[PDB]
Amino acid sequence: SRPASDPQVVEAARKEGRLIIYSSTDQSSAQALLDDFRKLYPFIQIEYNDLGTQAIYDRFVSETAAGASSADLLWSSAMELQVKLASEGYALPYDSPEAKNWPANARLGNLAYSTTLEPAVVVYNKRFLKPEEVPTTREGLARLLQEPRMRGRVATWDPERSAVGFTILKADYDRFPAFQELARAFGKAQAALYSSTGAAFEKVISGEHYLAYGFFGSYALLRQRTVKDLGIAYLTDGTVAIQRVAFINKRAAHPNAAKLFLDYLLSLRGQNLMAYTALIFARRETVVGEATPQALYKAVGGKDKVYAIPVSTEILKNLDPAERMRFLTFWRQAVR
Ligand SMILES: [Cl-]
Ligand SMILES: [Cl-]
């Protein structure tokens, strides 16, 4: 199909000829979307900057303050940082014609948009834990992590080095009382903390760890295609879902190419390519593939077991110094 971008926006984007992206989306997961968008619009050269969530924020703020060349479009899983920027004058207002039935809590008016509904899952190495050994609750994982064999065998986020690690563990702490028991079991099991999914997965795949808690189901699905021993367990007591936020740089040199790429990401075409080929868990329900809301809800035991973090100015509460203090004081003491 063809994203419903205005023909004037397509022509203005052809005159630009170039799109600069700053994204936290691993290029391995983004590549089929970049390739399909280039098929749709062969007259746009894409520069894809695969970067950490905190680095995207710091670099965009710096380059903007210097009056320097920056990104046309920012795409990041660190929801609070994206909502902060889009609510402080960094976002180009644009009403996507592909976002007409987005819920109000999946967009910041016309400033920024949900592009995904991506669960925080458990991944494990089947050579070391069989599917039957891997509990699907915070209470059951706390019990497994009491076992001597699990000491040194757990990976999770470092929320002090990954801004999305903070997004995901902060939401878990806020919504699930059992997260506290689980965090103390991270301490008991001497959990190693990582600033990226890839660094935690590498250790699970080698067997250095048996289990990783809280990383993107999107990355796990795609890694499974080439790594037979990767298992995925979905939490049935409650699953945190992030929504990768996209917004256009207010000072983009190529605003129209950015509009085309945003509309593509939100379109049936982009969302189906996410669900079927990229194996990024799509935001849209009307999709076919393995990485769908329907597949997520079936695995966790209903939509009511998913807490989707909203794309809302309300989530900036998580950046309040007292709220960061409460979470990080509890966290640091539990996991050491
Ligand atoms: Cl790391
Ligand atoms: Cl939702």
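Residues numbered from 1 in each chain as written, not as in the entry; some residues may be left out. Chains lettered and ligands numbered in written order. Heavy atoms only, no water.

For this coordinate set, the PDB header names X-ray crystallography as the determination method and states a resolution of 2.1000 Å.

Novice: Please explain the packing of aromatic side chains as it appears in this structure.
Specialist: When we look at a pair of aromatic rings, we describe it by the centre distance and by the angle of the planes. Counted by the stated rule, this structure contains 19 aromatic pairs. On the basis of an interplanar angle of 70° and a centroid distance of 6.3 Å, the ring pair of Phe201 and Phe215 is categorised as edge-to-face. You can see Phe201 sitting in helix α8 (residues 197-206) and its partner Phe215 sitting in strand β8 (residues 211-216), a full 14 residues away along the chain. This pair shows no difference in class: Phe201 is buried, exactly as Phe215 is. Among the aromatic residues, those joined into a ring-pair cluster are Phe166, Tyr173, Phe179, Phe186, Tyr213, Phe327, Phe330 and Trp331. For the cation-ring pair, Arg14 lies above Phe43, with the distance from its terminal atom to the ring centre recorded as 4.2 Å. The positively charged end of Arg324 is found above the aromatic ring belonging to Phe166, 4.0 Å away from the centroid. (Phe/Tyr/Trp six-rings, centres within 6.5 Å; stacked < 30°, edge-to-face > 60°. Helix = DSSP H or I, 4+ residues; strand = E, 2+ residues; numbered from the N terminus. Buried < 20%, exposed > 50% of the residue type's maximum accessible area, 1.4 Å probe, protein only. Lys NZ or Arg CZ within 6 Å of the ring centre and 35° of its normal.)

Novice: Looking at this model, I keep getting lost on empty space enclosed by the protein. Mind explaining?
Specialist: In this approach, a probe sized like a water molecule rolls over the atoms, and the result shows the empty space that is left. Within this structure, the stated rule accounts for one cavity of 30 Å³ or more. Empty space within the largest cavity amounts to approximately 30 Å³. What lines the largest cavity is simply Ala120, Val121, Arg138, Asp172, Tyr213, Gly214, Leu235 and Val240. Elements represented by at least two residues in the lining of the largest cavity include exactly β5 (118-125) and β8. Across the lining of the largest cavity, the residue classes break down as five nonpolar, one polar and two charged. (1 Å grid on protein atoms, 1.4 Å probe; cavity = no way out; pocket = protein on both sides within 12 Å on 5 of 7 lines; lining within 4 Å. Points joined across faces, edges and corners; volume = space filled by probe spheres on them. Nonpolar A, V, L, I, M, F, W, Y, C, P; charged D, E, K, R; others polar.)

Novice: Honestly, the domain arrangement of the chain in this entry has me stumped. Any pointers?
Specialist: Many structure descriptions define interface size as the accessible area lost when the parts assemble. Each assigned domain of the chain is listed with its residue range as follows: domain 1 (1-116 + 243-319) and domain 2 (117-242 + 320-336). A C-alpha centroid distance of 26 Å is found between domain 1 and domain 2. Facing 40 residues of domain 1, the contacting portion of domain 2 comprises 32 residues. For the pair domain 1 and domain 2, the two sides together bury roughly 3000 Å², of which 56% comes from carbon and sulfur. Counting the surface domain 1 buries against domain 2, the share from its top three residues, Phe281, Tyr307 and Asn318, is 20%. The interface formed by domain 1 and domain 2 includes 18 residue pairs in polar contact. At the level of secondary structure, the elements contributing two or more residues to the side of domain 1 that touches domain 2 comprise α2 (27-40), α3 (53-65), α4 (79-86), α11 (268-278), α12 (293-300) and β12 (306-308). (Domains from an automatic or database assignment. Contact = heavy atoms within 4.5 Å. Buried area = accessible area lost by both parts, 1.4 Å probe. Polar contact = N/O pair within 3.5 Å; in protein donor to acceptor, adjacent residues only side chain to side chain.)

Novice: In this structure, what is going on with the UniProt feature "binding site: Mn(2+)" (unreviewed entry) in the chain? I would like to understand it.
Specialist: Taken from the UniProt record, the annotation "binding site: Mn(2+)" (unreviewed entry) applies to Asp26. By secondary structure assignment, the location of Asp26 is in the loop between β1 (18-23) and α2. Dropping the residues within four chain positions of it, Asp26 is found in contact with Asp50 and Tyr219. (UniProt positions renumbered as here; feature names shortened; annotations may be inferred.)

Novice: What is the right way to look at the pairing of β5 in this model?
Specialist: Residues in a regular strand project their side chains so that they alternate between the two faces of the sheet. Taken across its eight residues, β5 has eight buried, putting it largely inside the fold. Where burial is concerned, the two faces of β5 agree: the one with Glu118, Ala120, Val122 and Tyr124 and the one with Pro119, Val121, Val123 and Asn125 are both buried. Relative to strand β10 (residues 239-242), β5 runs antiparallel, the two being bridged by two bridges. In the strand pairing of β10, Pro119 is matched with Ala241. Summarising the sheet, β5 and β8 pair through five bridges and their orientation is antiparallel. Bridged to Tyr124 within β8 is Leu211. Pairing between β5 and strand β9 (residues 230-233): four bridges, direction antiparallel. (Pairing = 2+ DSSP bridges.)

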